[PDB]
Amino acid sequence: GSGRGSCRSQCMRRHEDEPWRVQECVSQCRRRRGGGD
């Protein structure tokens with residue numbers, strides 16, 4: 001489980017139709033956590 005609240009699970013559910021692109025979402029969502037654009 002690794003607990004809840006993560007860019008992974010978030011990007012996974014958002015891309016349920018195409019989980020193969022989740023990486024692109026996680027990479028951006030994760031990076032620049034201090035206050036990215």
# chains A, B, ... in the order shown; residues from 1 in each chain; ligands from 1
call {"tool": "select_by_dssp", "arguments": {"residues": "chain A", "states": "alpha helix (DSSP H)", "output": "ChimeraX atom specification"}}
result
/A:7-14,22-30
call {"tool": "write_last_selection", "arguments": {"atoms": "N, CA, C and O atoms", "output": "mmCIF file, in the first residue's frame"}}
result
data_model
loop_
_atom_site.group_PDB
_atom_site.id
_atom_site.type_symbol
_atom_site.label_atom_id
_atom_site.label_comp_id
_atom_site.auth_asym_id
_atom_site.auth_seq_id
_atom_site.Cartn_x
_atom_site.Cartn_y
_atom_site.Cartn_z
ATOM 1 N N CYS A 7 1.869 11.216 -5.815
ATOM 2 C CA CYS A 7 1.701 11.604 -7.215
ATOM 3 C C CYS A 7 1.452 10.380 -8.092
ATOM 4 O O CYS A 7 0.806 10.482 -9.136
ATOM 5 N N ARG A 8 1.963 9.240 -7.663
ATOM 6 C CA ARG A 8 1.801 8.002 -8.416
ATOM 7 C C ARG A 8 0.334 7.598 -8.491
ATOM 8 O O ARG A 8 -0.266 7.563 -9.568
ATOM 9 N N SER A 9 -0.250 7.294 -7.330
ATOM 10 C CA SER A 9 -1.651 6.886 -7.263
ATOM 11 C C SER A 9 -2.553 7.946 -7.893
ATOM 12 O O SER A 9 -3.576 7.632 -8.503
ATOM 13 N N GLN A 10 -2.171 9.209 -7.732
ATOM 14 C CA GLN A 10 -2.943 10.325 -8.275
ATOM 15 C C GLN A 10 -2.886 10.319 -9.804
ATOM 16 O O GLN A 10 -3.910 10.457 -10.468
ATOM 17 N N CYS A 11 -1.681 10.168 -10.343
ATOM 18 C CA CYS A 11 -1.493 10.153 -11.788
ATOM 19 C C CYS A 11 -2.047 8.867 -12.403
ATOM 20 O O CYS A 11 -2.444 8.845 -13.568
ATOM 21 N N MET A 12 -2.081 7.805 -11.602
ATOM 22 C CA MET A 12 -2.598 6.520 -12.055
ATOM 23 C C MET A 12 -4.112 6.582 -12.278
ATOM 24 O O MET A 12 -4.613 6.149 -13.316
ATOM 25 N N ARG A 13 -4.822 7.120 -11.290
ATOM 26 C CA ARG A 13 -6.273 7.229 -11.366
ATOM 27 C C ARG A 13 -6.674 8.241 -12.442
ATOM 28 O O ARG A 13 -7.683 8.060 -13.129
ATOM 29 N N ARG A 14 -5.881 9.296 -12.580
ATOM 30 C CA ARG A 14 -6.163 10.328 -13.576
ATOM 31 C C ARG A 14 -5.950 9.800 -14.989
ATOM 32 O O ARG A 14 -6.581 10.269 -15.935
ATOM 33 N N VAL A 22 1.452 7.673 -17.249
ATOM 34 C CA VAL A 22 1.472 8.106 -15.849
ATOM 35 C C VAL A 22 2.842 8.641 -15.459
ATOM 36 O O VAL A 22 2.953 9.625 -14.728
ATOM 37 N N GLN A 23 3.887 7.981 -15.951
ATOM 38 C CA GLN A 23 5.254 8.384 -15.656
ATOM 39 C C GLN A 23 5.457 9.870 -15.929
ATOM 40 O O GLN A 23 5.991 10.605 -15.098
ATOM 41 N N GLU A 24 5.010 10.317 -17.101
ATOM 42 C CA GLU A 24 5.145 11.718 -17.486
ATOM 43 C C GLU A 24 4.466 12.629 -16.461
ATOM 44 O O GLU A 24 4.938 13.733 -16.189
ATOM 45 N N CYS A 25 3.349 12.160 -15.907
ATOM 46 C CA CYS A 25 2.617 12.929 -14.917
ATOM 47 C C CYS A 25 3.323 12.907 -13.569
ATOM 48 O O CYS A 25 3.441 13.939 -12.903
ATOM 49 N N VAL A 26 3.797 11.732 -13.166
ATOM 50 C CA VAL A 26 4.488 11.580 -11.904
ATOM 51 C C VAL A 26 5.799 12.369 -11.898
ATOM 52 O O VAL A 26 6.161 12.982 -10.895
ATOM 53 N N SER A 27 6.514 12.330 -13.015
ATOM 54 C CA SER A 27 7.781 13.036 -13.141
ATOM 55 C C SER A 27 7.604 14.527 -12.879
ATOM 56 O O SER A 27 8.379 15.135 -12.148
ATOM 57 N N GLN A 28 6.567 15.110 -13.476
ATOM 58 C CA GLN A 28 6.287 16.528 -13.298
ATOM 59 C C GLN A 28 5.678 16.808 -11.935
ATOM 60 O O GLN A 28 6.135 17.688 -11.203
ATOM 61 N N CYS A 29 4.654 16.035 -11.584
ATOM 62 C CA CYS A 29 3.979 16.196 -10.299
ATOM 63 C C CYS A 29 4.977 16.104 -9.147
ATOM 64 O O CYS A 29 4.947 16.916 -8.217
ATOM 65 N N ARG A 30 5.859 15.115 -9.211
ATOM 66 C CA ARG A 30 6.865 14.908 -8.177
ATOM 67 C C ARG A 30 7.847 16.081 -8.143
ATOM 68 O O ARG A 30 7.927 16.797 -7.149
#
call {"tool": "atom_distance", "arguments": {"atom1": "atom CA of residue 3 of chain A", "atom2": "atom CA of residue 33 of chain A"}}
result
18.8 Å
